[PDB]
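Report on the following structure.
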Amino acid sequence: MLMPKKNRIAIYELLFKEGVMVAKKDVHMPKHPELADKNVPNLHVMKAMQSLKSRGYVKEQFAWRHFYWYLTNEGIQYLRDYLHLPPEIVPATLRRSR
Amino acid sequence: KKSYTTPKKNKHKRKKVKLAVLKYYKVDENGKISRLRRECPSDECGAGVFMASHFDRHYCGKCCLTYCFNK
Amino acid sequence: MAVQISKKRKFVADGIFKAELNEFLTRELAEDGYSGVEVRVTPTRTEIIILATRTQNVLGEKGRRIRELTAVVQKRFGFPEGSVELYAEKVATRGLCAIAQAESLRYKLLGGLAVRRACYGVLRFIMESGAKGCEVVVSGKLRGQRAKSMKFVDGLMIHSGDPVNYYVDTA
Amino acid sequence: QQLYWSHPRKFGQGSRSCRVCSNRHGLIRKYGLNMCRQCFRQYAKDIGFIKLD
Amino acid sequence: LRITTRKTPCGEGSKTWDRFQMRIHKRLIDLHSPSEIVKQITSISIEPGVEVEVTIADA
Amino acid sequence: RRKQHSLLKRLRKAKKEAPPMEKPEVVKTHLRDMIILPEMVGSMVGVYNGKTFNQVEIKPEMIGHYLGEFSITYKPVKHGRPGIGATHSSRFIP
Amino acid sequence: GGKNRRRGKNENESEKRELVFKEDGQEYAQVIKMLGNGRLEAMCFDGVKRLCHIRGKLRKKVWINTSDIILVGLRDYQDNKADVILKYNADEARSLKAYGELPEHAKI
RNA sequence: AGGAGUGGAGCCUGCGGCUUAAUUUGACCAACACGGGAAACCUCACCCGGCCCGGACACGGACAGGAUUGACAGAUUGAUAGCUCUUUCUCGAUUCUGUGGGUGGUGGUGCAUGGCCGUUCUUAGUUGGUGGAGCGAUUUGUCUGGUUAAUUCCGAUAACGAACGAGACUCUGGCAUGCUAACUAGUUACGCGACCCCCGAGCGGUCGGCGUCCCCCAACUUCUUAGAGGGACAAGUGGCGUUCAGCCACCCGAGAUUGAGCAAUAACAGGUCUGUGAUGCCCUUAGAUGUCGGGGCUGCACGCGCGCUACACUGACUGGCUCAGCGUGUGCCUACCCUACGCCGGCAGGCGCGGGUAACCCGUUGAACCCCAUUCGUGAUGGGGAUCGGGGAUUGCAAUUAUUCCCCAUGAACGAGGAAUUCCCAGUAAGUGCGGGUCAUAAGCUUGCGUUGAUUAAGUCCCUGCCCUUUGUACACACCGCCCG
RNA sequence: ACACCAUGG
Ligand SMILES: [Mg+2]
Ligand SMILES: [Mg+2]
Ligand SMILES: [Mg+2]
Ligand SMILES: [Mg+2]
Ligand SMILES: [Mg+2]
Ligand SMILES: [Mg+2]
Ligand SMILES: [Mg+2]
Ligand SMILES: [Mg+2]
Ligand SMILES: [Mg+2]
Ligand SMILES: [Mg+2]
Ligand SMILES: [Mg+2]
Ligand SMILES: [Mg+2]
Ligand SMILES: [Mg+2]
Ligand SMILES: [Mg+2]
Ligand SMILES: [Mg+2]
Ligand SMILES: [Mg+2]
Ligand SMILES: [Mg+2]
Ligand SMILES: [Mg+2]
Ligand SMILES: [Mg+2]
Ligand SMILES: [Mg+2]
Ligand SMILES: [Mg+2]
Ligand SMILES: [Mg+2]
Ligand SMILES: [Mg+2]
Ligand SMILES: [Mg+2]
Ligand SMILES: [Mg+2]
Ligand SMILES: [Mg+2]
Ligand SMILES: [Mg+2]
Ligand SMILES: [Mg+2]
Ligand SMILES: [Mg+2]
Ligand SMILES: [Mg+2]
Ligand SMILES: [Mg+2]
Ligand SMILES: [Mg+2]
Ligand SMILES: [Mg+2]
Ligand SMILES: [Mg+2]
Ligand SMILES: [Mg+2]
Ligand SMILES: [Mg+2]
Ligand SMILES: [Mg+2]
Ligand SMILES: [Mg+2]
Ligand SMILES: [Mg+2]
Ligand SMILES: [Mg+2]
Ligand SMILES: [Mg+2]
Ligand SMILES: [Mg+2]
Ligand SMILES: [Mg+2]
Ligand SMILES: [Mg+2]
Ligand SMILES: [Mg+2]
Ligand SMILES: [Mg+2]
């Protein structure tokens, strides 16, 4: 399998809760840190975000061994579909910035 | 950095035999069930999973590296 | 931190942080006129005064980019949530920053433009703003399969001894 | 799938690699930089090292 | 802190070296007083990049 | 000796199936650093060279030595004729 | 050898030299004696002489010195002339003689 | 002119050749202890075997009596890789099949490139505006002369006015008994007290002598530390200078020349694609050029390079005595630091129990040469310490082709080195040890530090080269040119 | 107040 559905949903919900993801480029470390740390190897995080990026949905940067992934509007919509949320909820980022 | 050499054993995968699904339960009177193979009494396997029968071995599919019995 | 690191390692680790932060924000704010970082640590908070030429594009509509950036700057350096504070800022006299000029010249040379016209333009601009002289070198495969190089100089310049470490901005 | 996907890499050149370029082969361990000998001349300023000897 | 490296990326050339160094200055001042005034005045009048650490007692 | 014990097992169970007044065939292995123990004696072992397995019959005198010590990793050299760069004088072609 | 001229691209011949066999209208020969103007006499491995010429790709690049194995291309319409396509190392020359490629006629 | 040498010897190490399954590879003044390149595994690119996909995404097919994953045992296998076979359990829409297309690469190209760096080139060199001369390329400015470390100055002047390099500059070494001010540095005093000896007046205390013995809420900043200023300017005196620019000797002095960093215009087919998530094009892409087990980079007839230890009496051995400076130190994944003091063991080492995130603990850093006293005696000797046998510990998953370390034993060449040739001007050459880098273990290397500390010079253009003017040329890929029979 | 100094993928 590419990963368990349990693992996928755990990664997607975290990305949606915050709105931005980070992982070091390393396939060996046994657990991702952060709120995936009880469960998921960061190989799954990298491999998951790669698919998500190839479908729009995400912007990707990489600087000194560390990916930085932003969620774009299409990503907000797709994740709001895929997770069956109140069709207008976003705790990701909501405040007018002075 | 050069051309390979010919292999004579190439066979990527086992072909993963395909079976008709479920005959492990027997209805044996109208409304009566019989179980041909016990469910592995391993605490984490939920007793809804069927233990294997080999020619002289009982082996648990979900106890990945345990529950093999010699008869 | 059950026992603190020694002052040697402490200052090295501070410099490493300030280096990695700048090289990161070089890659995002490139097209937004980025011209360097400036950090400041106060009791129980850490402010980062980003410094670009166009704050309207760094902030973003309702300031979404700023929150995204603060989120990663925390998530990667493991700041306890609520300790990072990222501000924006506007460079005064944008024609004196070498970095802003190199980036703008690049995004002018990237959209399709002869080299000579772009370089003349940046020279003109960073001499009108007020500077005792400037210099621009562009090198590579210019017009053919054999490499070349083009110097455009104007005004003063110095190359040797200690006044090079101020009085000269390079990129 | 595999239970043989690593063997001890806990010392020597297999353990460690540069925090920038991810290379091995000629990195600076002093003061805990952990940085490739070429990569350090590149950021030798932003850290604060200045050449004046 | 001294760090000395070959100048060249590869192995070719006459064998020149760089000599990088960073300097660290450290001083102490001692006060005999209650805590509130000192933690107050300490908290004020520091604009630039300088490290200040104040402890409970040292005598 | 974590899972070097397979060498010890397979070396037995093969000195047992050996018909009397004969020899066992060849357990063959990559384990070049195995302490020869007084139980491994009499056996027939194939030790990896780097490409071949070379057979070694175990003698009692091999006791306490290492397995790899009986299967060399190269051909012994015997020299050809010096080539066109061999001496500081040798270099010239028109 | 030994000049000022480090100007031409360095040899780099250490990468993966193969082996090369005959074709239609190609055959191996040995060098009898060299002549001026660049062209040289030859002697193929069946009897023809084929007063042979160094192709433009080999000018002052691989030195066809006297008495060594060569590969020549014939001409579709002329036979007394040929052109050097390749020179063998003594390693390739023994390799071809053993492989049953060049005849057990001529020496190195 | 000299010093120490190198080339000769044994070994360590880098390069060629040879050999091999492979001995991976770049480089040939400005390559060869260089790639920070001290490779046991890893590294690793090479050789022999073996699992994996970590082949995004789109389109098509297949599919909930079901797409697909994992796996006990027996065989097979180096292997306890469900690797493949026999078997028959499990997993539940994430996958699989086919096509388009992506991805990685210590693959190729440094003669496609960026960046960096080396070198020409350690010297004094370089360039544009308005004006002058030439049909023009070009030229003067940028110079006959004196002076300078210097295209540094004075001057002369068809040129006037400017820019860069030089210089200025930044760090460091040398001087303050003047300032600022110190239980994380001290000293002097005594408040002390205590120990010890008479060692001297005295007796033994008192007078004194030794103290890294314990104190002070004593006094201060000479020693220590580190900040602000001060000091040196060819300034004074005497000669030589067209009396200019400057040179020479001398006085007062801590010092009348400390050592580095930084560096121009124009170039080179210099080095690097094997530092890079810098990178164009080409190649390979599931039978891999993207991972594990074993071997190799160490293979030895031979040619060369940087070096280490020696050939002894200006010495070797055994005791005894007494002196430093630059530094590093618990590691953020990663998982380890420097060590006091007690005890055990001949030695390497082992156990135990404290300090240190460091002017606080190792530490007053009891360093070697040197210094003082004993044995040997011109003999390949007790000089020298290669090669080889046997045994004992530590590091590590693993020490065989012996990682390193200790002990007994073995005891080779070498008696100041042919032709040639390297470096060097004062705290320098050389002798001598000590920290940093690499580092699980670990310098015959390199980068720094002190310690004992000379002989010879104050010059020249002879040799090898460099800068400026005049002159000659059939050369301009530029004398490593061109060219005649 | 003059020994010998050839050649160049
Ligand atoms: Mg200047
Ligand atoms: Mg200067
Ligand atoms: Mg010597
Ligand atoms: Mg050694
Ligand atoms: Mg070799
Ligand atoms: Mg070569
Ligand atoms: Mg030179
Ligand atoms: Mg390398
Ligand atoms: Mg290896
Ligand atoms: Mg690619
Ligand atoms: Mg790469
Ligand atoms: Mg080049
Ligand atoms: Mg280049
Ligand atoms: Mg004119
Ligand atoms: Mg005119
Ligand atoms: Mg001129
Ligand atoms: Mg002079
Ligand atoms: Mg002038
Ligand atoms: Mg000075
Ligand atoms: Mg001083
Ligand atoms: Mg004392
Ligand atoms: Mg001062
Ligand atoms: Mg005078
Ligand atoms: Mg005096
Ligand atoms: Mg000076
Ligand atoms: Mg220059
Ligand atoms: Mg490169
Ligand atoms: Mg490339
Ligand atoms: Mg790998
Ligand atoms: Mg391997
Ligand atoms: Mg080697
Ligand atoms: Mg060298
Ligand atoms: Mg080693
Ligand atoms: Mg040393
Ligand atoms: Mg160490
Ligand atoms: Mg060491
Ligand atoms: Mg080295
Ligand atoms: Mg001159
Ligand atoms: Mg002339
Ligand atoms: Mg002329
Ligand atoms: Mg011509
Ligand atoms: Mg020519
Ligand atoms: Mg000539
Ligand atoms: Mg000549
Ligand atoms: Mg001739
Ligand atoms: Mg001729």
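We name chains A, B, ... following the order of the structure tokens; residues begin at 1 in each chain, and ligands are numbered from 1 as shown.
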Practice prompt. Mind the document's chain letters and residue numbers, and return as JSON, numbers by chain the residues of segment 2-102 of chain G that DSSP labels alpha helix (DSSP H).
Written response: {"G": [90, 91, 92, 93, 94, 95, 96, 97, 98]}
Expected file contents, prior selection, N, CA and C atoms, as a PDB file, in the first residue's frame:
ATOM      1  N   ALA G  90      48.068  -2.803 -28.820  1.00  0.00           N
ATOM      2  CA  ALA G  90      48.560  -4.179 -28.857  1.00  0.00           C
ATOM      3  C   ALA G  90      47.645  -5.153 -28.090  1.00  0.00           C
ATOM      4  N   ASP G  91      46.935  -4.666 -27.073  1.00  0.00           N
ATOM      5  CA  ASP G  91      45.888  -5.381 -26.346  1.00  0.00           C
ATOM      6  C   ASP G  91      44.734  -5.812 -27.267  1.00  0.00           C
ATOM      7  N   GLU G  92      44.199  -4.889 -28.063  1.00  0.00           N
ATOM      8  CA  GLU G  92      43.173  -5.235 -29.035  1.00  0.00           C
ATOM      9  C   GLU G  92      43.717  -6.131 -30.134  1.00  0.00           C
ATOM     10  N   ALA G  93      44.947  -5.914 -30.587  1.00  0.00           N
ATOM     11  CA  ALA G  93      45.563  -6.742 -31.617  1.00  0.00           C
ATOM     12  C   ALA G  93      45.680  -8.221 -31.191  1.00  0.00           C
ATOM     13  N   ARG G  94      46.182  -8.501 -29.984  1.00  0.00           N
ATOM     14  CA  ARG G  94      46.147  -9.871 -29.453  1.00  0.00           C
ATOM     15  C   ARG G  94      44.724 -10.364 -29.243  1.00  0.00           C
ATOM     16  N   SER G  95      43.810  -9.504 -28.795  1.00  0.00           N
ATOM     17  CA  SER G  95      42.421  -9.899 -28.574  1.00  0.00           C
ATOM     18  C   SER G  95      41.777 -10.363 -29.871  1.00  0.00           C
ATOM     19  N   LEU G  96      42.024  -9.668 -30.983  1.00  0.00           N
ATOM     20  CA  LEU G  96      41.470 -10.035 -32.280  1.00  0.00           C
ATOM     21  C   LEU G  96      42.144 -11.293 -32.818  1.00  0.00           C
ATOM     22  N   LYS G  97      43.461 -11.445 -32.660  1.00  0.00           N
ATOM     23  CA  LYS G  97      44.132 -12.636 -33.167  1.00  0.00           C
ATOM     24  C   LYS G  97      43.636 -13.885 -32.451  1.00  0.00           C
ATOM     25  N   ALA G  98      43.431 -13.790 -31.136  1.00  0.00           N
ATOM     26  CA  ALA G  98      42.908 -14.922 -30.380  1.00  0.00           C
ATOM     27  C   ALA G  98      41.438 -15.163 -30.690  1.00  0.00           C
TER      28      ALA G  98
END
Worksheet item: So which residues are near ligand 23, meaning at most 10 Å away with only C-alpha atoms (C1' of nucleotides) and all ligand atoms counted, given back as a PyMOL selection string?
Response: chain H and resi 234+236-239
Practice prompt. Write as a PyMOL selection string the residues around ligand 22, taking 10 Å as the cut-off and counting only C-alpha atoms (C1' of nucleotides) and all ligand atoms.
Written response: chain H and resi 227-230
Would you mind exporting the chosen residues as a PDB file, in the first residue's frame, restricted to C-alpha atoms (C1' of nucleotides)?
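part-v9.pdb was written with the following content:
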ATOM      1  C1'   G H 227      38.840  49.457  27.903  1.00  0.00           C
ATOM      2  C1'   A H 228      39.649  55.021  26.859  1.00  0.00           C
ATOM      3  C1'   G H 229      43.476  58.130  25.569  1.00  0.00           C
ATOM      4  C1'   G H 230      49.229  59.128  25.034  1.00  0.00           C
TER       5        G H 230
END
Fill in: Contacts of ligand 30, 9 Å or closer, only C-alpha atoms (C1' of nucleotides) and all ligand atoms, given as a ChimeraX atom specification
/H:41-42,44,292-294
Mind dumping the selected residues with N, CA, C and O atoms (P, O5', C5', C4', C3', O3' and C1' of nucleotides) as a PDB file, in the first residue's frame?
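Result file again-v5.pdb:
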ATOM      1  P     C H  41      35.859  -0.975   4.488  1.00  0.00           P
ATOM      2  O5'   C H  41      34.823  -1.519   5.555  1.00  0.00           O
ATOM      3  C5'   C H  41      34.288  -2.825   5.451  1.00  0.00           C
ATOM      4  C4'   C H  41      32.877  -2.856   5.962  1.00  0.00           C
ATOM      5  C3'   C H  41      31.972  -1.766   5.421  1.00  0.00           C
ATOM      6  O3'   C H  41      31.380  -2.147   4.197  1.00  0.00           O
ATOM      7  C1'   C H  41      31.783  -1.884   7.775  1.00  0.00           C
ATOM      8  P     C H  42      31.158  -1.082   3.024  1.00  0.00           P
ATOM      9  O5'   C H  42      30.487   0.142   3.761  1.00  0.00           O
ATOM     10  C5'   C H  42      29.087   0.197   3.918  1.00  0.00           C
ATOM     11  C4'   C H  42      28.682   1.380   4.751  1.00  0.00           C
ATOM     12  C3'   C H  42      28.868   2.741   4.116  1.00  0.00           C
ATOM     13  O3'   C H  42      27.803   3.077   3.251  1.00  0.00           O
ATOM     14  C1'   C H  42      29.664   2.771   6.342  1.00  0.00           C
ATOM     15  P     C H  44      30.450   8.417  -0.717  1.00  0.00           P
ATOM     16  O5'   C H  44      30.428   6.972  -1.381  1.00  0.00           O
ATOM     17  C5'   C H  44      30.378   6.807  -2.760  1.00  0.00           C
ATOM     18  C4'   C H  44      30.618   5.354  -3.158  1.00  0.00           C
ATOM     19  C3'   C H  44      29.916   4.320  -2.275  1.00  0.00           C
ATOM     20  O3'   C H  44      29.594   3.102  -2.930  1.00  0.00           O
ATOM     21  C1'   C H  44      32.207   4.023  -2.185  1.00  0.00           C
ATOM     22  P     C H 292      21.519   0.131   3.118  1.00  0.00           P
ATOM     23  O5'   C H 292      21.130  -1.409   3.199  1.00  0.00           O
ATOM     24  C5'   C H 292      21.840  -2.252   4.103  1.00  0.00           C
ATOM     25  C4'   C H 292      21.641  -3.728   3.837  1.00  0.00           C
ATOM     26  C3'   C H 292      22.870  -4.603   4.011  1.00  0.00           C
ATOM     27  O3'   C H 292      23.146  -4.949   5.349  1.00  0.00           O
ATOM     28  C1'   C H 292      21.798  -5.159   1.991  1.00  0.00           C
ATOM     29  P     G H 293      24.650  -5.282   5.788  1.00  0.00           P
ATOM     30  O5'   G H 293      25.087  -6.614   5.017  1.00  0.00           O
ATOM     31  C5'   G H 293      25.105  -7.876   5.646  1.00  0.00           C
ATOM     32  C4'   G H 293      25.742  -8.946   4.757  1.00  0.00           C
ATOM     33  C3'   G H 293      27.229  -8.774   4.495  1.00  0.00           C
ATOM     34  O3'   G H 293      28.054  -9.169   5.569  1.00  0.00           O
ATOM     35  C1'   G H 293      26.107  -9.411   2.529  1.00  0.00           C
ATOM     36  P     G H 294      29.559  -8.638   5.673  1.00  0.00           P
ATOM     37  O5'   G H 294      30.338  -9.190   4.391  1.00  0.00           O
ATOM     38  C5'   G H 294      30.801 -10.518   4.360  1.00  0.00           C
ATOM     39  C4'   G H 294      31.468 -10.844   3.038  1.00  0.00           C
ATOM     40  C3'   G H 294      32.691  -9.994   2.716  1.00  0.00           C
ATOM     41  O3'   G H 294      33.895 -10.441   3.310  1.00  0.00           O
ATOM     42  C1'   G H 294      31.297 -10.335   0.819  1.00  0.00           C
TER      43        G H 294
END
Worksheet entry | Test item: residues at most 12 Å from segment 39-51 of chain E, only C-alpha atoms (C1' of nucleotides), excluding those fewer than 5 positions along its chain, as a count of residues only | 21
Practice prompt. Tell me which protein, DNA and RNA residues are within 8 Å of residue 47 of chain D, counting only C-alpha atoms (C1' of nucleotides), leaving out same-chain ones fewer than 5 positions away, and put them as a ChimeraX atom specification.
Written response: /C:12,14-16,18-19
